[PDB]
>>> print(open('work_18.pdb').read())   # PDB, C-alpha atoms
ATOM      1  CA  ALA B   1     -10.933   6.466   6.667  1.00  0.00           C
ATOM      2  CA  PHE B   2     -10.169   2.677   6.918  1.00  0.00           C
ATOM      3  CA  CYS B   3      -7.462   1.916   4.292  1.00  0.00           C
ATOM      4  CA  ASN B   4      -7.469  -0.932   1.662  1.00  0.00           C
ATOM      5  CA  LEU B   5      -4.057  -2.683   1.964  1.00  0.00           C
ATOM      6  CA  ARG B   6      -4.916  -5.394  -0.668  1.00  0.00           C
ATOM      7  CA  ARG B   7      -5.459  -2.704  -3.368  1.00  0.00           C
ATOM      8  CA  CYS B   8      -2.305  -0.794  -2.323  1.00  0.00           C
ATOM      9  CA  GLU B   9      -0.076  -3.918  -2.740  1.00  0.00           C
ATOM     10  CA  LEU B  10      -1.218  -4.274  -6.418  1.00  0.00           C
ATOM     11  CA  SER B  11      -1.104  -0.464  -7.050  1.00  0.00           C
ATOM     12  CA  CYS B  12       2.511  -0.233  -5.728  1.00  0.00           C
ATOM     13  CA  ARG B  13       3.291  -3.401  -7.826  1.00  0.00           C
ATOM     14  CA  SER B  14       3.167  -1.013 -10.845  1.00  0.00           C
ATOM     15  CA  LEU B  15       6.262   0.772  -9.384  1.00  0.00           C
ATOM     16  CA  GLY B  16       7.746  -2.650  -8.360  1.00  0.00           C
ATOM     17  CA  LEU B  17       7.262  -2.381  -4.516  1.00  0.00           C
ATOM     18  CA  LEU B  18       4.748  -3.084  -1.643  1.00  0.00           C
ATOM     19  CA  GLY B  19       2.085  -0.645  -0.346  1.00  0.00           C
ATOM     20  CA  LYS B  20       1.470  -0.136   3.440  1.00  0.00           C
ATOM     21  CA  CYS B  21      -1.460   1.628   5.209  1.00  0.00           C
ATOM     22  CA  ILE B  22       0.310   4.284   7.408  1.00  0.00           C
ATOM     23  CA  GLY B  23      -2.161   6.434   9.448  1.00  0.00           C
ATOM     24  CA  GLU B  24      -4.872   4.859   7.198  1.00  0.00           C
ATOM     25  CA  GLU B  25      -3.256   6.372   4.012  1.00  0.00           C
ATOM     26  CA  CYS B  26      -1.199   4.305   1.503  1.00  0.00           C
ATOM     27  CA  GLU B  27       2.609   4.466   1.011  1.00  0.00           C
ATOM     28  CA  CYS B  28       4.715   2.364  -1.428  1.00  0.00           C
ATOM     29  CA  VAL B  29       7.754   1.452   0.660  1.00  0.00           C
ATOM     30  CA  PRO B  30      11.398   0.480  -0.154  1.00  0.00           C
ATOM     31  CA  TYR B  31      11.401  -2.766   1.967  1.00  0.00           C
TER      32      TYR B  31
END
>>> encode(input="work_18.pdb", output="structure tokens")
Amino acid sequence: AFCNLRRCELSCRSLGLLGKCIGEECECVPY
């Protein structure tokens, strides 16, 4: 299902990192 990138940036911000939509599922990434 089409992934929200804007939400995943601010959700991964809690960990300290950026969220990417990979295969339309979110991943907080080390970059």
>>> resolve_selection(input="work_18.pdb", expression="the PyMOL selection byres ((chain B and resi 3) around 10)", output="ChimeraX atom specification")
/B:1-2,4-8,20-26
>>> resolve_selection(input="work_18.pdb", expression="the PyMOL selection byres ((chain B and resi 18) around 9)", output="list in words")
residues 8, 9, 10, 11, 12, 13, 15, 16, 17, 19, 20, 27, 28, 29, 30 and 31 of chain B
>>> axis_aligned_box(input="work_18.pdb", around="segment 2-21 of chain B", padding_each_side="8 Å", output="lines of an AutoDock Vina configuration file")
center_x = -1.2
center_y = -1.4
center_z = -2.0
size_x = 33.9
size_y = 24.1
size_z = 33.8
>>> build_atoms(input="work_18.pdb", residues="segment 9-22 of chain B", atoms="N, CA, C and O atoms", output="compact mmCIF listing (two decimals), keeping the file's coordinate frame")
# COMPACT_ATOMS: atom_id res chain seq x y z
N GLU B 9 -1.12 -2.99 -2.27
CA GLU B 9 -0.08 -3.92 -2.74
C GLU B 9 -0.02 -3.96 -4.28
O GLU B 9 1.05 -3.76 -4.86
N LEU B 10 -1.16 -4.17 -4.95
CA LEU B 10 -1.22 -4.27 -6.42
C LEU B 10 -1.09 -2.93 -7.16
O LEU B 10 -0.68 -2.91 -8.32
N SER B 11 -1.37 -1.80 -6.50
CA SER B 11 -1.10 -0.46 -7.05
C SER B 11 0.39 -0.12 -7.00
O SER B 11 0.97 0.31 -8.00
N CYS B 12 1.06 -0.40 -5.87
CA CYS B 12 2.51 -0.23 -5.73
C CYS B 12 3.32 -1.25 -6.55
O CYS B 12 4.44 -0.95 -6.97
N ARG B 13 2.73 -2.41 -6.88
CA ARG B 13 3.29 -3.40 -7.83
C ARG B 13 3.63 -2.78 -9.18
O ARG B 13 4.63 -3.16 -9.78
N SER B 14 2.87 -1.76 -9.62
CA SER B 14 3.17 -1.01 -10.84
C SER B 14 4.54 -0.33 -10.80
O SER B 14 5.27 -0.35 -11.79
N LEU B 15 4.93 0.20 -9.64
CA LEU B 15 6.26 0.77 -9.38
C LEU B 15 7.33 -0.31 -9.19
O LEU B 15 8.51 -0.09 -9.48
N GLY B 16 6.92 -1.47 -8.66
CA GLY B 16 7.75 -2.65 -8.36
C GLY B 16 7.81 -3.03 -6.87
O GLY B 16 8.47 -4.02 -6.54
N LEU B 17 7.14 -2.29 -5.98
CA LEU B 17 7.26 -2.38 -4.52
C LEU B 17 5.92 -2.66 -3.80
O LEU B 17 4.87 -2.77 -4.44
N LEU B 18 5.94 -2.84 -2.47
CA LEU B 18 4.75 -3.08 -1.64
C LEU B 18 4.18 -1.80 -1.03
O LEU B 18 4.92 -0.91 -0.60
N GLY B 19 2.85 -1.74 -0.96
CA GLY B 19 2.08 -0.64 -0.35
C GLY B 19 1.66 -0.96 1.08
O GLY B 19 1.14 -2.05 1.32
N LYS B 20 1.88 -0.04 2.02
CA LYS B 20 1.47 -0.14 3.44
C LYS B 20 0.45 0.95 3.79
O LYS B 20 0.56 2.06 3.28
N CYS B 21 -0.50 0.66 4.68
CA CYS B 21 -1.46 1.63 5.21
C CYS B 21 -0.89 2.31 6.47
O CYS B 21 -1.02 1.79 7.58
N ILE B 22 -0.28 3.50 6.31
CA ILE B 22 0.31 4.28 7.41
C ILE B 22 -0.61 5.46 7.77
O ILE B 22 -0.91 6.32 6.93
